[PDB]
file model.tsv (TSV, N, CA and C atoms)
chain	number	residue	atom	x	y	z
A	25	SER	N	0.80	-1.22	0.00
A	25	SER	CA	0.00	0.00	0.00
A	25	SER	C	0.84	1.29	0.00
A	26	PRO	N	1.73	1.51	0.99
A	26	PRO	CA	2.53	2.74	0.94
A	26	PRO	C	3.50	2.73	-0.23
A	27	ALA	N	3.98	1.55	-0.61
A	27	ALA	CA	4.84	1.45	-1.78
A	27	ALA	C	4.03	1.85	-3.00
A	28	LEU	N	2.76	1.46	-3.02
A	28	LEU	CA	1.89	1.83	-4.12
A	28	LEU	C	1.58	3.32	-4.08
A	29	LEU	N	1.64	3.95	-2.89
A	29	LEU	CA	1.47	5.40	-2.84
A	29	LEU	C	2.64	6.04	-3.56
A	30	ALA	N	3.83	5.49	-3.34
A	30	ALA	CA	4.99	5.99	-4.04
A	30	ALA	C	4.88	5.71	-5.54
A	31	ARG	N	4.26	4.57	-5.90
A	31	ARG	CA	4.08	4.23	-7.31
A	31	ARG	C	3.19	5.26	-7.98
A	32	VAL	N	2.09	5.63	-7.33
A	32	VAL	CA	1.21	6.62	-7.95
A	32	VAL	C	1.92	7.96	-8.01
A	33	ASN	N	2.84	8.25	-7.07
A	33	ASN	CA	3.58	9.50	-7.18
A	33	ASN	C	4.49	9.47	-8.41
A	34	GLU	N	5.06	8.30	-8.69
A	34	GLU	CA	5.89	8.15	-9.88
A	34	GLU	C	5.04	8.36	-11.12
A	35	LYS	N	3.84	7.80	-11.10
A	35	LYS	CA	2.94	7.95	-12.23
A	35	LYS	C	2.49	9.40	-12.37
A	36	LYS	N	2.39	10.14	-11.26
A	36	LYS	CA	2.02	11.55	-11.34
A	36	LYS	C	3.09	12.32	-12.08
A	37	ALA	N	4.35	12.06	-11.72
A	37	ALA	CA	5.46	12.72	-12.39
A	37	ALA	C	5.48	12.36	-13.87
A	38	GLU	N	5.22	11.09	-14.17
A	38	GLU	CA	5.19	10.65	-15.55
A	38	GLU	C	4.08	11.34	-16.32
A	39	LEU	N	2.91	11.50	-15.70
A	39	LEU	CA	1.80	12.15	-16.38
A	39	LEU	C	2.10	13.62	-16.63
A	40	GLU	N	2.80	14.27	-15.69
A	40	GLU	CA	3.16	15.66	-15.89
A	40	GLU	C	4.10	15.79	-17.08
A	41	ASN	N	5.06	14.86	-17.16
A	41	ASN	CA	5.99	14.84	-18.27
A	41	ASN	C	5.24	14.61	-19.58
A	42	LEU	N	4.29	13.70	-19.57
A	42	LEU	CA	3.51	13.38	-20.76
A	42	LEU	C	2.67	14.57	-21.20
A	43	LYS	N	2.12	15.32	-20.25
A	43	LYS	CA	1.33	16.49	-20.61
A	43	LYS	C	2.20	17.52	-21.29
A	44	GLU	N	3.42	17.70	-20.76
A	44	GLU	CA	4.33	18.65	-21.37
A	44	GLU	C	4.72	18.19	-22.77
A	45	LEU	N	4.90	16.88	-22.95
A	45	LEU	CA	5.24	16.35	-24.26
A	45	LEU	C	4.12	16.56	-25.25
A	46	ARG	N	2.88	16.40	-24.78
A	46	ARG	CA	1.72	16.60	-25.63
A	46	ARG	C	1.63	18.05	-26.08
A	47	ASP	N	1.84	18.97	-25.13
A	47	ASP	CA	1.81	20.39	-25.44
A	47	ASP	C	2.88	20.74	-26.45
A	48	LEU	N	4.06	20.16	-26.27
A	48	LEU	CA	5.17	20.40	-27.17
A	48	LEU	C	4.88	19.86	-28.56
A	49	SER	N	4.26	18.68	-28.65
A	49	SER	CA	3.95	18.11	-29.95
A	49	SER	C	2.95	18.98	-30.69
A	50	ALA	N	1.99	19.53	-29.95
A	50	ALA	CA	1.01	20.42	-30.57
A	50	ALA	C	1.70	21.67	-31.09
A	51	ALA	N	2.61	22.21	-30.29
A	51	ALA	CA	3.36	23.39	-30.70
A	51	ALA	C	4.21	23.10	-31.92
A	52	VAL	N	4.75	21.88	-31.99
A	52	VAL	CA	5.57	21.47	-33.12
A	52	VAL	C	4.76	21.53	-34.39
A	53	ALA	N	3.60	20.87	-34.38
A	53	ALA	CA	2.74	20.85	-35.56
A	53	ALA	C	2.31	22.26	-35.96
A	54	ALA	N	2.11	23.13	-34.97
A	54	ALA	CA	1.76	24.52	-35.27
A	54	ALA	C	2.89	25.19	-36.02
A	55	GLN	N	4.12	24.92	-35.59
A	55	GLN	CA	5.27	25.48	-36.26
A	55	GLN	C	5.40	24.93	-37.66
A	56	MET	N	4.99	23.68	-37.87
A	56	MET	CA	5.06	23.12	-39.21
A	56	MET	C	4.09	23.84	-40.14
A	57	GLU	N	2.92	24.19	-39.61
A	57	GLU	CA	1.95	24.92	-40.41
A	57	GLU	C	2.51	26.28	-40.82
A	58	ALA	N	3.09	26.98	-39.84
A	58	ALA	CA	3.68	28.28	-40.10
A	58	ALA	C	4.80	28.16	-41.12
A	59	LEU	N	5.61	27.11	-40.98
A	59	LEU	CA	6.71	26.85	-41.90
A	59	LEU	C	6.20	26.69	-43.31
A	60	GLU	N	5.09	25.97	-43.46
A	60	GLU	CA	4.52	25.76	-44.78
A	60	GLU	C	4.09	27.08	-45.40
A	61	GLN	N	3.56	27.99	-44.57
A	61	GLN	CA	3.17	29.30	-45.09
A	61	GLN	C	4.37	30.06	-45.62
A	62	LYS	N	5.45	30.06	-44.84
A	62	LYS	CA	6.64	30.80	-45.25
A	62	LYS	C	7.25	30.19	-46.50
A	63	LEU	N	7.25	28.87	-46.59
A	63	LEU	CA	7.80	28.21	-47.76
A	63	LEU	C	6.99	28.56	-48.99
A	64	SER	N	5.68	28.71	-48.82
A	64	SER	CA	4.84	29.10	-49.94
A	64	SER	C	5.22	30.49	-50.41
A	65	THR	N	5.51	31.37	-49.45
A	65	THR	CA	5.91	32.72	-49.80
A	65	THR	C	7.22	32.71	-50.56
A	66	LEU	N	8.12	31.81	-50.16
A	66	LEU	CA	9.40	31.71	-50.83
A	66	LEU	C	9.21	31.30	-52.27
A	67	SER	N	8.36	30.30	-52.47
A	67	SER	CA	8.08	29.82	-53.81
A	67	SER	C	7.46	30.91	-54.66
A	68	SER	N	6.66	31.79	-54.04
A	68	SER	CA	6.06	32.89	-54.78
A	68	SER	C	7.14	33.83	-55.29
A	69	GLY	N	8.13	34.11	-54.44
A	69	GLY	CA	9.22	34.97	-54.86
A	69	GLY	C	10.01	34.34	-55.99
A	70	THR	N	10.20	33.03	-55.90
A	70	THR	CA	10.92	32.33	-56.95
A	70	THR	C	10.16	32.39	-58.27
A	71	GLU	N	8.84	32.28	-58.20
A	71	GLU	CA	8.02	32.37	-59.40
A	71	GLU	C	8.16	33.74	-60.04
A	72	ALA	N	8.29	34.77	-59.20
A	72	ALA	CA	8.48	36.12	-59.70
A	72	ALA	C	9.77	36.21	-60.51
A	73	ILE	N	10.84	35.64	-59.96
A	73	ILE	CA	12.10	35.69	-60.71
A	73	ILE	C	12.03	34.79	-61.94
A	74	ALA	N	11.16	33.77	-61.93
A	74	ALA	CA	10.99	32.96	-63.12
A	74	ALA	C	10.37	33.82	-64.22
A	75	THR	N	9.49	34.74	-63.80
A	75	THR	CA	8.88	35.67	-64.73
A	75	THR	C	9.95	36.54	-65.36
A	76	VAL	N	10.94	36.92	-64.55
A	76	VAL	CA	12.05	37.73	-65.04
A	76	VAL	C	12.84	36.97	-66.11
A	77	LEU	N	13.08	35.68	-65.88
A	77	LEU	CA	13.79	34.92	-66.91
A	77	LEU	C	12.96	34.83	-68.17
A	78	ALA	N	11.63	34.76	-68.02
A	78	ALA	CA	10.78	34.70	-69.20
A	78	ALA	C	10.94	35.96	-70.03
A	79	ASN	N	11.10	37.10	-69.35
A	79	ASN	CA	11.30	38.37	-70.04
A	79	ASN	C	12.56	38.33	-70.88
A	80	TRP	N	13.68	38.05	-70.23
A	80	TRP	CA	14.93	38.03	-70.97
A	80	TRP	C	15.02	36.90	-71.98
A	81	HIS	N	14.35	35.79	-71.74
A	81	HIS	CA	14.42	34.70	-72.70
A	81	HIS	C	13.71	35.11	-73.97
A	82	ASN	N	12.53	35.73	-73.83
A	82	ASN	CA	11.81	36.20	-75.01
A	82	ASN	C	12.60	37.29	-75.70
A	83	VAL	N	13.33	38.09	-74.93
A	83	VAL	CA	14.15	39.15	-75.51
A	83	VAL	C	15.19	38.54	-76.43
A	84	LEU	N	15.94	37.59	-75.88
A	84	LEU	CA	17.01	36.94	-76.60
A	84	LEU	C	16.52	36.26	-77.86
A	85	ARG	N	15.43	35.51	-77.76
A	85	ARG	CA	14.92	34.83	-78.94
A	85	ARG	C	14.40	35.83	-79.96
A	86	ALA	N	13.77	36.90	-79.50
A	86	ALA	CA	13.24	37.91	-80.41
A	86	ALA	C	14.35	38.59	-81.17
A	87	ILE	N	15.47	38.82	-80.51
A	87	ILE	CA	16.59	39.48	-81.16
A	87	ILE	C	17.25	38.54	-82.13
A	88	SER	N	17.46	37.29	-81.70
A	88	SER	CA	18.11	36.29	-82.53
A	88	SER	C	17.34	36.07	-83.82
A	89	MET	N	16.01	36.14	-83.75
A	89	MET	CA	15.22	35.98	-84.96
A	89	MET	C	15.46	37.16	-85.89
A	90	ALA	N	15.63	38.36	-85.33
A	90	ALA	CA	15.92	39.53	-86.13
A	90	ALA	C	17.37	39.52	-86.57
A	91	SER	N	18.24	39.03	-85.70
A	91	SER	CA	19.66	38.98	-85.99
A	91	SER	C	19.98	37.93	-87.04
A	92	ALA	N	19.24	36.83	-87.05
A	92	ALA	CA	19.44	35.73	-87.99
A	92	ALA	C	18.75	35.94	-89.33
A	93	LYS	N	18.32	37.16	-89.65
A	93	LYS	CA	17.67	37.43	-90.93
A	93	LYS	C	18.67	37.23	-92.06
A	94	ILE	N	18.45	36.18	-92.86
A	94	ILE	CA	19.32	35.83	-93.98
A	94	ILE	C	18.43	35.35	-95.12
A	95	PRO	N	17.78	36.25	-95.88
A	95	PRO	CA	16.93	35.74	-96.96
A	95	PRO	C	17.74	35.17	-98.11
A	109	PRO	N	6.82	42.43	-92.20
A	109	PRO	CA	5.43	41.96	-92.20
A	109	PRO	C	4.47	42.97	-91.57
A	110	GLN	N	3.33	42.49	-91.08
A	110	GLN	CA	2.34	43.33	-90.43
A	110	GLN	C	2.87	43.79	-89.07
A	111	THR	N	2.02	44.51	-88.33
A	111	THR	CA	2.32	45.03	-87.01
A	111	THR	C	1.46	44.36	-85.93
A	112	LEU	N	0.82	43.23	-86.24
A	112	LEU	CA	-0.04	42.56	-85.28
A	112	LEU	C	0.80	41.96	-84.16
A	113	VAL	N	0.53	42.41	-82.93
A	113	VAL	CA	1.24	41.99	-81.72
A	113	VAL	C	0.21	41.79	-80.62
A	114	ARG	N	0.70	41.58	-79.40
A	114	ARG	CA	-0.13	41.39	-78.22
A	114	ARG	C	0.33	42.38	-77.17
A	115	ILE	N	-0.58	43.25	-76.76
A	115	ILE	CA	-0.31	44.29	-75.77
A	115	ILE	C	-1.24	44.08	-74.58
A	116	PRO	N	-0.87	43.26	-73.58
A	116	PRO	CA	-1.77	43.09	-72.43
A	116	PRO	C	-1.99	44.37	-71.62
B	53	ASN	N	63.82	67.67	-108.65
B	53	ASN	CA	65.08	68.41	-108.78
B	53	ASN	C	65.28	69.42	-107.65
B	54	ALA	N	64.18	70.05	-107.24
B	54	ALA	CA	64.16	71.06	-106.20
B	54	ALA	C	63.57	70.59	-104.89
B	55	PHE	N	62.63	69.65	-104.92
B	55	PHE	CA	61.94	69.15	-103.74
B	55	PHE	C	62.22	67.68	-103.48
B	56	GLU	N	63.47	67.25	-103.63
B	56	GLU	CA	63.80	65.85	-103.34
B	56	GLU	C	63.63	65.55	-101.85
B	57	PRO	N	64.32	66.23	-100.92
B	57	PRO	CA	64.08	65.94	-99.50
B	57	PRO	C	62.68	66.35	-99.07
B	58	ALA	N	62.08	67.32	-99.76
B	58	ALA	CA	60.72	67.73	-99.46
B	58	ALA	C	59.76	66.58	-99.71
B	59	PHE	N	59.96	65.88	-100.83
B	59	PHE	CA	59.10	64.74	-101.12
B	59	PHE	C	59.43	63.58	-100.20
B	60	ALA	N	60.67	63.50	-99.71
B	60	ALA	CA	60.97	62.46	-98.73
B	60	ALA	C	60.19	62.73	-97.45
B	61	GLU	N	60.09	64.01	-97.08
B	61	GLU	CA	59.30	64.41	-95.92
B	61	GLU	C	57.84	64.09	-96.16
B	62	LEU	N	57.38	64.28	-97.41
B	62	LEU	CA	56.00	63.95	-97.73
B	62	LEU	C	55.75	62.47	-97.58
B	63	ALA	N	56.73	61.65	-97.98
B	63	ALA	CA	56.61	60.20	-97.85
B	63	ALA	C	56.45	59.83	-96.38
B	64	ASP	N	57.21	60.50	-95.52
B	64	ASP	CA	57.11	60.24	-94.09
B	64	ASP	C	55.74	60.67	-93.56
B	65	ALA	N	55.25	61.83	-94.02
B	65	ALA	CA	53.96	62.33	-93.56
B	65	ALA	C	52.83	61.40	-93.97
B	66	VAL	N	52.87	60.92	-95.21
B	66	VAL	CA	51.82	60.01	-95.66
B	66	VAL	C	51.93	58.68	-94.93
B	67	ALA	N	53.14	58.29	-94.53
B	67	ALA	CA	53.28	57.06	-93.76
B	67	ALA	C	52.59	57.22	-92.41
B	68	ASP	N	52.79	58.38	-91.78
B	68	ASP	CA	52.14	58.65	-90.50
B	68	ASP	C	50.63	58.72	-90.70
B	69	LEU	N	50.20	59.28	-91.83
B	69	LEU	CA	48.78	59.34	-92.13
B	69	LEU	C	48.22	57.95	-92.30
B	70	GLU	N	49.00	57.06	-92.88
B	70	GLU	CA	48.53	55.70	-93.07
B	70	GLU	C	48.37	55.03	-91.72
B	71	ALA	N	49.31	55.29	-90.82
B	71	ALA	CA	49.22	54.71	-89.48
B	71	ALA	C	47.98	55.20	-88.75
B	72	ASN	N	47.80	56.53	-88.71
B	72	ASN	CA	46.64	57.10	-88.04
B	72	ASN	C	45.34	56.66	-88.69
B	73	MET	N	45.32	56.57	-90.02
B	73	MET	CA	44.10	56.17	-90.71
B	73	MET	C	43.79	54.71	-90.45
B	74	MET	N	44.82	53.87	-90.31
B	74	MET	CA	44.56	52.48	-89.99
B	74	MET	C	43.98	52.38	-88.60
B	75	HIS	N	44.51	53.18	-87.68
B	75	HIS	CA	43.97	53.18	-86.33
B	75	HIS	C	42.54	53.68	-86.32
B	76	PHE	N	42.23	54.66	-87.17
B	76	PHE	CA	40.87	55.16	-87.27
B	76	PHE	C	39.94	54.09	-87.79
B	77	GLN	N	40.36	53.42	-88.86
B	77	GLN	CA	39.57	52.36	-89.47
B	77	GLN	C	39.30	51.24	-88.48
B	78	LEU	N	40.35	50.79	-87.80
B	78	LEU	CA	40.23	49.72	-86.82
B	78	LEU	C	39.35	50.10	-85.66
B	79	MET	N	39.64	51.23	-85.04
B	79	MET	CA	38.89	51.67	-83.88
B	79	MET	C	37.45	51.99	-84.23
B	80	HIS	N	37.21	52.50	-85.44
B	80	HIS	CA	35.84	52.78	-85.84
B	80	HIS	C	35.10	51.47	-86.03
B	81	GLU	N	35.80	50.45	-86.53
B	81	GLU	CA	35.17	49.15	-86.67
B	81	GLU	C	34.86	48.57	-85.30
B	82	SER	N	35.78	48.78	-84.35
B	82	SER	CA	35.60	48.29	-83.00
B	82	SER	C	34.36	48.93	-82.40
B	83	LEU	N	34.26	50.24	-82.56
B	83	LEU	CA	33.11	50.96	-82.06
B	83	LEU	C	31.85	50.60	-82.81
B	84	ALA	N	31.98	50.21	-84.08
B	84	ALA	CA	30.81	49.81	-84.84
B	84	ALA	C	30.24	48.54	-84.26
B	85	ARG	N	31.12	47.58	-83.96
B	85	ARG	CA	30.68	46.33	-83.37
B	85	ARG	C	30.08	46.57	-82.00
B	86	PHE	N	30.71	47.46	-81.23
B	86	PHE	CA	30.23	47.84	-79.91
B	86	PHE	C	28.83	48.41	-79.98
B	87	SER	N	28.68	49.40	-80.84
B	87	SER	CA	27.42	50.08	-81.03
B	87	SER	C	26.35	49.13	-81.53
B	88	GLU	N	26.72	48.21	-82.41
B	88	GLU	CA	25.74	47.27	-82.93
B	88	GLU	C	25.25	46.34	-81.84
B	89	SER	N	26.16	45.88	-80.97
B	89	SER	CA	25.74	45.00	-79.90
B	89	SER	C	24.81	45.73	-78.94
B	90	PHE	N	25.19	46.93	-78.53
B	90	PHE	CA	24.36	47.68	-77.60
B	90	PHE	C	23.07	48.13	-78.27
B	91	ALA	N	23.10	48.35	-79.58
B	91	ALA	CA	21.90	48.76	-80.30
B	91	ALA	C	20.90	47.64	-80.33
B	92	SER	N	21.35	46.46	-80.74
B	92	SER	CA	20.45	45.31	-80.78
B	92	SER	C	19.99	44.96	-79.38
B	93	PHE	N	20.86	45.16	-78.38
B	93	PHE	CA	20.54	44.92	-76.99
B	93	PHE	C	19.35	45.77	-76.57
B	94	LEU	N	19.53	47.08	-76.61
B	94	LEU	CA	18.45	47.97	-76.25
B	94	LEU	C	17.28	47.89	-77.20
B	95	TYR	N	17.51	47.46	-78.44
B	95	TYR	CA	16.42	47.33	-79.38
B	95	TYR	C	15.47	46.28	-78.88
B	96	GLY	N	16.00	45.09	-78.61
B	96	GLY	CA	15.18	44.02	-78.08
B	96	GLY	C	14.60	44.36	-76.73
B	97	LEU	N	15.32	45.19	-75.95
B	97	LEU	CA	14.79	45.62	-74.67
B	97	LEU	C	13.54	46.45	-74.89
B	98	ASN	N	13.61	47.36	-75.86
B	98	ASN	CA	12.46	48.18	-76.19
B	98	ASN	C	11.35	47.32	-76.74
B	99	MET	N	11.71	46.30	-77.52
B	99	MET	CA	10.71	45.41	-78.09
B	99	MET	C	9.94	44.70	-77.00
B	100	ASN	N	10.64	44.23	-75.97
B	100	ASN	CA	9.95	43.57	-74.88
B	100	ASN	C	9.07	44.57	-74.15
B	101	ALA	N	9.59	45.77	-73.94
B	101	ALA	CA	8.79	46.79	-73.30
B	101	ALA	C	7.67	47.25	-74.22
B	102	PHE	N	7.92	47.25	-75.53
B	102	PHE	CA	6.93	47.65	-76.51
B	102	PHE	C	5.80	46.64	-76.61
B	103	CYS	N	6.07	45.38	-76.26
B	103	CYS	CA	5.07	44.33	-76.35
B	103	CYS	C	4.27	44.12	-75.07
B	104	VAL	N	4.93	44.13	-73.92
B	104	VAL	CA	4.31	43.86	-72.62
B	104	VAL	C	4.56	44.97	-71.61
B	105	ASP	N	4.35	46.22	-72.03
B	105	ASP	CA	4.52	47.39	-71.16
B	105	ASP	C	3.77	47.22	-69.83
B	106	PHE	N	4.55	47.04	-68.78
B	106	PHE	CA	4.13	46.80	-67.41
B	106	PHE	C	3.24	47.91	-66.88
B	107	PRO	N	2.53	47.70	-65.75
B	107	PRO	CA	1.69	48.77	-65.20
B	107	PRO	C	2.51	49.94	-64.67
call {"tool": "encode", "arguments": {"input": "model.tsv", "output": "structure tokens"}}
result
Amino acid sequence: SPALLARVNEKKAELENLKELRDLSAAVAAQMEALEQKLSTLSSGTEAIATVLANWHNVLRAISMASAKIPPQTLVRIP
Amino acid sequence: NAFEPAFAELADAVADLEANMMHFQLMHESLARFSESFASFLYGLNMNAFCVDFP
């Protein structure tokens, strides 16, 4: 009986530890959600610079087509 | 008969003129290539801006 009183005290300490672990795991997952948001923002910035490469790539090809002229209308696209 | 060394001096002057003119020809060609690269560069730059003029 008194030994079992000490046993339940051990279990009390264990439960306190477990509660802290549970709280920490919840906080961990919360941080993962926040992390995912920031990573999405990063990818957005990368997409922006991909747009920049699209600009210069079209520039280069447009010039090369004019530069490679070795033997029209004005219809273009103006968003 | 009268301008023998004078014509020798002329030969030297035209030689110097040939040197300077070759440098002019070369350097002008260098600048021509330079200008053509930067011209086509900014040309295509204007073309991209001329096509998709940003807000």
call {"tool": "interface_residues", "arguments": {"input": "model.tsv", "of": "chain A", "to": "chain B", "cutoff": "6.5 Å", "atoms": "all atoms listed in the file", "output": "PDB file with N, CA and C atoms, in the frame of the given file"}}
result
ATOM      1  N   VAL A  83      13.330  38.090 -74.930  1.00  0.00           N
ATOM      2  CA  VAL A  83      14.150  39.150 -75.510  1.00  0.00           C
ATOM      3  C   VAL A  83      15.190  38.540 -76.430  1.00  0.00           C
ATOM      4  N   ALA A  86      13.770  36.900 -79.500  1.00  0.00           N
ATOM      5  CA  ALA A  86      13.240  37.910 -80.410  1.00  0.00           C
ATOM      6  C   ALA A  86      14.350  38.590 -81.170  1.00  0.00           C
ATOM      7  N   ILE A  87      15.470  38.820 -80.510  1.00  0.00           N
ATOM      8  CA  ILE A  87      16.590  39.480 -81.160  1.00  0.00           C
ATOM      9  C   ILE A  87      17.250  38.540 -82.130  1.00  0.00           C
ATOM     10  N   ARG A 114       0.700  41.580 -79.400  1.00  0.00           N
ATOM     11  CA  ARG A 114      -0.130  41.390 -78.220  1.00  0.00           C
ATOM     12  C   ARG A 114       0.330  42.380 -77.170  1.00  0.00           C
ATOM     13  N   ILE A 115      -0.580  43.250 -76.760  1.00  0.00           N
ATOM     14  CA  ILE A 115      -0.310  44.290 -75.770  1.00  0.00           C
ATOM     15  C   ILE A 115      -1.240  44.080 -74.580  1.00  0.00           C
ATOM     16  N   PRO A 116      -0.870  43.260 -73.580  1.00  0.00           N
ATOM     17  CA  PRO A 116      -1.770  43.090 -72.430  1.00  0.00           C
ATOM     18  C   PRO A 116      -1.990  44.370 -71.620  1.00  0.00           C
TER      19      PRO A 116
END
call {"tool": "atom_distance", "arguments": {"input": "model.tsv", "atom1": "atom N of residue 77 of chain B", "atom2": "atom C of residue 65 of chain B"}}
result
15.7 Å
call {"tool": "atom_distance", "arguments": {"input": "model.tsv", "atom1": "atom N of residue 38 of chain A", "atom2": "atom CA of residue 26 of chain A"}}
result
17.5 Å
call {"tool": "atom_distance", "arguments": {"input": "model.tsv", "atom1": "atom CA of residue 111 of chain A", "atom2": "atom CA of residue 74 of chain A"}}
result
28.1 Å
